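Report on one structure; see the data block that follows.
Where a number appears in this text, it was derived from the coordinates with a stated rule and is not lab data. Using ideal geometry, Cβ is built from the backbone for each residue, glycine included, and neighbour counts are taken over all protein chains shown.
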Amino acid sequence: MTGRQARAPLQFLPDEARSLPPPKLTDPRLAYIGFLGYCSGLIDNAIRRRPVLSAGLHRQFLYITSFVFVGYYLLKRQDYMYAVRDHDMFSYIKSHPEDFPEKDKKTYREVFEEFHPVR
Amino acid sequence: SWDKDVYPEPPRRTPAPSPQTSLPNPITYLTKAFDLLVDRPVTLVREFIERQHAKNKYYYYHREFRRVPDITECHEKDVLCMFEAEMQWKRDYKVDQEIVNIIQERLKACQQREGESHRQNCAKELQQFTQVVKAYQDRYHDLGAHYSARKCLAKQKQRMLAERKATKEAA
């Protein structure tokens with residue numbers, strides 16, 4: 001799926017994404033990203049033979065900061081993409097009444113089915 | 001306690017034994033000794049415990065429900081209608097199983113009370129047992145394990161449509 005108003009620069013997030021609410025701090029996805037950064041720092045201390053859980057706390061803090069920052073911007077991009085998908089979908093629902101009719105909600109007083117008993 | 005009209009009991013019939021000859025009667029001495037050694041102390045213990053119970057007063061109530069309308073009034077999908085519908089149907093199913101349990105306990109008690117003549121004063125309870133269980137065999141039986149409520153209404157429609165064809169042939 002492509003443009004969708006192909007003026008469209010490279011544009012990592014438009015100004016229209018500042019209308020939807022931004023992702024909160026300590027949302028569980030960025031907490032999972034922080035845990036993944038801490039596991040990255042632990043295993044980085046494990047690749048070289050420096051001791052684990054020590055001697056790299058500035059690298060631990062750098063990894064956590066870098067992953068949480070990048071994941072924050074990617075989550076804002078995710079929210080923008082889902083918002084524009086729903087906006088385009090409901091615009092197409094409103095723009096064409098013919099193909100999407102009201103279905104007759106026949107209640108179960110008059111809807112017949114087969115039965116097929118398991119004896 | 002319990003209602004005497006849902007778990008019925010016939011009135012008691014007890015003779016007065018007239019001893020012909022005089023040995024006499026070991027079990028009378030033994031049941032008087034049983035009364036004096038068992039019946040008095042357990043009664044005193046129960047009376048003490050009942051006073052300790054009736055110092056305070058607890059109460060438990062019976063949980064009661066309402067009538068959410070139907071499954072016959074729910075639409076195509078409408079999951080927040082079918083939910084109340086099928087839970088109301090499932091609670092009817094549980095209480096109806098226990099109706100069958102009550103009738104079958106009545107049949108067992110009629111067997112054991114009436115003695116070695118089964119067919120005297122057990123015709124009525126066997127009659128109502130076959131009645132309610134014919135209703136159960138007609139209504140809930142041949143649907144299987146994944147009953148929700150909708151297979152029961154499908155069986156309902158299919159059975160009354162087959163009997164409609166039968167009475168059309170009988171017309």
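Per residue of B:153-163, other chain Cβ atoms within 10 Å of the residue Cβ number 3 on average. Counts of other chain beta carbons within 10 angstrom of each beta carbon in peptide B:71-80 average 3. The three principal axes of the Cα atoms in region A:1-96 give end-to-end lengths of 64, 25, 20 Å, sorted in falling order.
Relative to the current alpha-carbon distance between residue A:26 and residue A:12, full extension at 0.36 nm per residue lengthens the span by 2.8 nm. Taken along the Cα-to-beta-carbon direction at a fixed 7 Å, the label points for residue B:5 and residue B:123 span 2.6 nm. With only Cα atoms counted, region A:51-119 has Rg and Dmax values of 27.2, 75 Å. Quick one: go through region B:23-44 and flag any residue whose amide nitrogen is under 19 Å from the point 7 Å out along the Cα-to-Cβ line of residue B:52. Correct set: B:40-44. Normalising the average separation of contacting C-alpha pairs (under 8 angstrom, six or more residues apart) by the number of residues puts the relative contact order of region A:1-96 at 35 percent. Applying a 4.7 Å Cβ-Cβ cutoff to chain B leaves B:152 as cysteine residues with no disulfide-compatible partner. Shielding value for A:102-115 is 5, the average number of Cβ atoms from other chains within 10 Å of each residue's Cβ. Each of B:82, A:74, A:17 was placed along the dipole of the protein assembly as shown (beta-carbon charges, centred on the mean Cα), and the one lying farthest toward the positive end is A:74.
Placing one equal scatterer on every Cα of chain B and applying the Debye formula, the log10 ratio I(q)/I(0) at q = 0.15, 0.18 Å⁻¹ is -1.15, -1.25.
Taking the Cα centre of the protein assembly as shown as origin and assigning +1 to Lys and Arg Cβ atoms and -1 to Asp and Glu Cβ atoms, the resulting dipole is close to 780 debye. Using C-alpha pairs below 8 Å separated by at least 6 residues, the relative contact order for chain B is 14 percent. Remark: chain B carries a charge dipole of roughly 40 debye about the Cα centre, counting +1 on each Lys and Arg Cβ and -1 on each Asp and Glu Cβ. Need the C-alpha centroid separation for region A:74-119 versus region B:144-171, integer Å. Rounded to whole Å, the Cα centres lie 32 Å apart. For residue A:108, the amide hydrogen comes within under 5 Å of the amide hydrogens of B:74, counting only partners 5 or more places away or on other chains and with H modelled in the peptide plane. Kindly state, to the nearest 0.05, the FRET efficiency for residue B:70 paired with residue B:167, given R0 = 22 Å and r defined as their beta-carbon distance. E(calc), rounded to 0.05, equals 0.25.
Given the protein assembly as shown, report the % of alpha carbon pairs whose separation exceeds 31 Å.
Within the protein assembly as shown, distances greater than 31 Å cover 71 percent of Cα pairs.
Sorted on the mean count of surrounding Cβ atoms within 10 Å across their residues, most packed first, peptides A:7-20, A:68-81 read A:68-81, A:7-20. The C-alpha atoms of chain A define a longest principal axis, and helix A:28-47 lies at about 40 degrees to it.
Basic side chains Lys and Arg get +1 at the Cβ, acidic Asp and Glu get -1 at the Cβ, and with that the dipole of region A:1-111 about its Cα centre reaches some 620 debye.
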